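A.B. asks: One structure is given below, represented as structure tokens, and several questions about it will come after.
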Amino acid sequence: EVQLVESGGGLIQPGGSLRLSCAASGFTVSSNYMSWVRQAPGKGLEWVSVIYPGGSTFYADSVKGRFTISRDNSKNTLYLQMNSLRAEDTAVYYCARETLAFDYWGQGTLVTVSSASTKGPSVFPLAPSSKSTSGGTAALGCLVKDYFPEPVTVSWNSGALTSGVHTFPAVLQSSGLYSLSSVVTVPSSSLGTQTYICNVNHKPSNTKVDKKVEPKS
Amino acid sequence: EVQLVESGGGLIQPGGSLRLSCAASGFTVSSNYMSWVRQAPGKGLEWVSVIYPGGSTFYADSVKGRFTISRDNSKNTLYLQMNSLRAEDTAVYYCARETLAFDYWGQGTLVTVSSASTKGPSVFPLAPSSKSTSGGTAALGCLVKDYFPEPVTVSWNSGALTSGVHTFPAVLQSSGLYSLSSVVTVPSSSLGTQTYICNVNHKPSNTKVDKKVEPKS
Amino acid sequence: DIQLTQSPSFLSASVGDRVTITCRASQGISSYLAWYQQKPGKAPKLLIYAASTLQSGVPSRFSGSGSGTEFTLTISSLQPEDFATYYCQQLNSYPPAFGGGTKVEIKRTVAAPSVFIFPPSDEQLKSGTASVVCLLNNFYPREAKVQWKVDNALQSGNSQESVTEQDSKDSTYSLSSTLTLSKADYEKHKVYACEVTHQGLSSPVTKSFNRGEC
Amino acid sequence: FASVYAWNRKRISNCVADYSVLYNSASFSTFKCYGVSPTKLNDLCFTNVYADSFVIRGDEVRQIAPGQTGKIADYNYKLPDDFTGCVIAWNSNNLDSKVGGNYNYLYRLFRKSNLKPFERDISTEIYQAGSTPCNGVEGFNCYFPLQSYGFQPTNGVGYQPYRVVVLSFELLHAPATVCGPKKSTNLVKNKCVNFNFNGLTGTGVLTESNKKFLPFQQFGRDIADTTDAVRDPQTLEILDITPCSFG
Ligand SMILES: *[C@@H]1O[C@H](CO)[C@@H](O[C@@H]2O[C@H](CO)[C@@H](O)[C@H](O)[C@H]2NC(C)=O)[C@H](O)[C@H]1NC(C)=O
């Protein structure tokens, strides 16, 4: 029935700002209790703000002030204009239609780092090897390292291989930059035979690189 | 002299919106009576809005309110920001420079369907056959069916053959999707001899497929 | 009260002749309007000024005749290249009223159609539906009849036609009729036939195939 | 009358204005008053009255009003936003429209910028449209700025000529000027009455006199300074004023 979608997340520094648009795909945002739910990664949820069908605000505890909600019924859009982010909210944002309980609430992200990295990958191919080979299968992958702007994706063969493809959670180094490695197993009879090209895309930047993984020389 | 071009048409649903830019290729849109003329397909024209050299609006009858015109002289652009389209305007839009009469008015389209199809073609080649053959010539073509997003094009050999190539008006089925077939005649001595590949392009989507038509097996 | 202008549409003629089109005005208007030429799939172009002072960049074939009401345009010595509609307007007043448009045909004589029937492609029968196309190529009188027959049963209510604009070169029409069936129902009959009736044919022409015969 | 793009401007001045002969003439198709409702005009006084005159179409009489837009109010004749006077308009098809078209009534249809209120512009420069200097030559990128109503007697209403007069009462800072009318009744005698003689308000019995004022003196006074005689403005006869009885 109702398929709420949201847009507006990105990266910014303190004292910044940002408008989020809970695009009410679905009907009648003019007369429904709507709200913003927040969670930091690895943490439980948290509640932010709420609009009444009739107009009221009641913001949360720590984000009291400095944070503004509104709606637009003719456009069927909820508007969340924030500013002066203590950067301590770096979180994954949700907007949900409270219907006597909740449910019906899309998703959308944000990060408020106090830096300006947004560099992108450093990609290497981790070759299939006999030390990775065992019997019928052997594993190969791609190591994408040293990037700040958290959302990064690596696919295998433009999205073709879904078997054995497993991207591991990115790791945050002491340098302050993230790194990860995605690996997939494939029959050992098929070491170099078919195509295995990892497609690296960095969305905050505009990096797109395809790297082929082949057995060691 | 003056060669008004316009841009901004597409597809949207009710309560939507859209800015149209009558790009004044040509001079002095700062001091001319400009207007928007509308026609539904198969129908006569209709008048929408008008700007004065000095600023006034006077919108039409049914589109009274909910519809906004403006200019930009330094950019030489007319701006038509509409919203909340009753979808009952699905029409072919024109912007004309009223010079004591009218004339000088480019073209530009729009559709406001309450659906979200935008699928694309279903292409088949209609082979040249003896039942289509008669004496010196025989006809072959391409059937492109079941698509919603009205503007679709089929060319013959990347635009090479202009003789006998005739695309027939698309037909709207009960299913709600369009369909059409484009056919071209070619000497019967040349059934399979040369290249006859129909190039199907669907612009609202991004479909591009070339289909070869050959005599029946 | 708005003006409602009217026009006696659907003209038909030959080349080099005289034709005359009037435009009613169902209120007292003065003498300021305008005529337009709308070729199909294009932008209009105004010919007659706010009365009869034909705007420049036009040939000497149009003769706008103005009055208080009942305005009238006249083409003398036609030329094969005016395949479009002609509208009225009404300058001066902001919200203006438009006409109804007059398409004009170009009489030819008697040119029968080339007929051609196309069976459904093997790709489509996989999908589970069968389109059976029948084409009528070049032809003056558009008043053509397309009768589909399936195993000699006249088929009613599963076809659609469309027709092209009168051709700017040879002033002919072309018509495509599509018969739509399910794969299941298609596979239940043998002969598919398309019988075309037309003034240039002494008796109707049938093009037909037999499902499943290479 | 006068064109619409060069309206006239008559400055009515000190006199006795009777807006009742206007208000009740029933020959006017439009009589709107803005600063002041019509019936109270013959009871007020201003410094100056201006009267502007011109001729327009039938359905452009709705742009002669404070706060409108359109080719007439934009650049032909603009009324300020706190107008005070009244606008009068009546149809004149038989006088101004002539068979074959009366092409002597023009209006301006192009201007750089809308008029200031009560501003007037009779220039005839070519409205240079295209960046290309017109050089005073017609053609493309340059329009003549004046068009003409071609009025014809067989025109539907709303295309027949209407004549318009805009009265604008203004009050600068002078000492006085034109005033409405002076409604007066009849003079009775030999009865204790409540009287007003062009300003002199009093009570008493009025009686025929036999004194003779000088021909510029209005009323007479007694010793101890009480009004005891008046002169009737209309007939110019002296009347004594005695108090009515008390005791
Ligand atoms: C004011 O007007 C009245 C009439 O409206 C004048 O009365 C006239 O007086 C003369 C005397 O010289 C008579 O012969 C006329 O017959 C009167 N007219 C009427 C209608 O009665 C009066 O004279 C005017 N005031 C002044 C100062 O002249």
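Chain D residue numbers are taken from Swiss-Prot; in order, the displayed residues are 347-593.
Header lists the method as electron microscopy, 3.0 Å.
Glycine is treated like the rest: Cβ placed from N, Cα and C.
Sharing the feature lines straight out of Swiss-Prot:
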DISULFID  D:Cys379-D:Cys432  disulfide bond
DISULFID  D:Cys391-D:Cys525  disulfide bond
DISULFID  D:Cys480-D:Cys488  disulfide bond
DISULFID  D:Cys538-D:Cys590  disulfide bond
REGION    D:437-508  region 'Receptor-binding motif'
REGION    D:448-456  region 'Immunodominant HLA epitope recognized by the CD8+'
REGION    D:455-490  region 'Disordered'
REGION    D:519-541  region 'Disordered'
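Map the listed features onto the structure and describe their local environment.
C.D. replies: When Cβ atoms from all protein chains are considered, those within 10 Å of D:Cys379 (disulfide bond) total 20, not counting its own. DSSP assigns D:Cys379 (disulfide bond) to a strand in the three-state reduction.
D:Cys525 (disulfide bond) counts 15 other C-beta atoms within 10 Å of its own C-beta, drawing on all protein chains shown.
When secondary structure is read from DSSP and collapsed to three states, D:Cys480 (disulfide bond) falls in the coil class. Long-range Cβ neighbours of D:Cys480 (disulfide bond) (same chain, at least 6 residues apart, Cβ-Cβ under 8 Å): D:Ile472, D:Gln474, D:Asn487, D:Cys488.
Around the Cβ of D:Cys590 (disulfide bond), the number of neighbouring Cβ atoms within 10 Å comes to 10. In the three-state DSSP reading, D:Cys590 (disulfide bond) counts as coil.
Helix first, then strand, then coil: DSSP counts for the region 'Immunodominant HLA epitope recognized by the CD8+' (D:448-456) stand at 0 helix, 7 strand, 2 coil.
Under 8 Å from some Cβ of the region 'Disordered' (D:455-490) lie the Cβ atoms of residues 351-353, 355, 417, 420-427, 514, all in the same chain and six or more residues away from its ends.
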A.B. asks: Which residue, of the disulfide-bonded residues D:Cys391, D:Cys432, D:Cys488, has its CB surrounded by the fewest other CB atoms within 10 A?
C.D. replies: D:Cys391
A.B. asks: As a test of the contact definition, list every same-chain residue at least 6 positions from D:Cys538 (disulfide bond) whose Cβ is closer than 8 Å to its Cβ.
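C.D. replies: Residues satisfying the criterion: D:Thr549, D:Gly550, D:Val551, D:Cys590, D:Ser591.
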A.B. asks: If I take the alpha carbons of D:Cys391 (disulfide bond) and D:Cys432 (disulfide bond), what is the distance between them in whole Å?
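C.D. replies: A Cα-Cα distance of 15 Å.
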A.B. asks: Among the disulfide-bonded residues D:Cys432, D:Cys480, D:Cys488, D:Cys525, D:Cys590, which ones place their CB within a distance below 8 Å of a chain A CB?
C.D. replies: none
A.B. asks: Per DSSP, D:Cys432 (disulfide bond) is which: helix, strand or coil?
C.D. replies: strand
A.B. asks: Tell me the Cα distance separating D:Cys379 (disulfide bond) from D:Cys525 (disulfide bond), rounded to the nearest angstrom.
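C.D. replies: Between the alpha carbons of D:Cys525 (disulfide bond) and D:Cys379 (disulfide bond) there are 17 Å.
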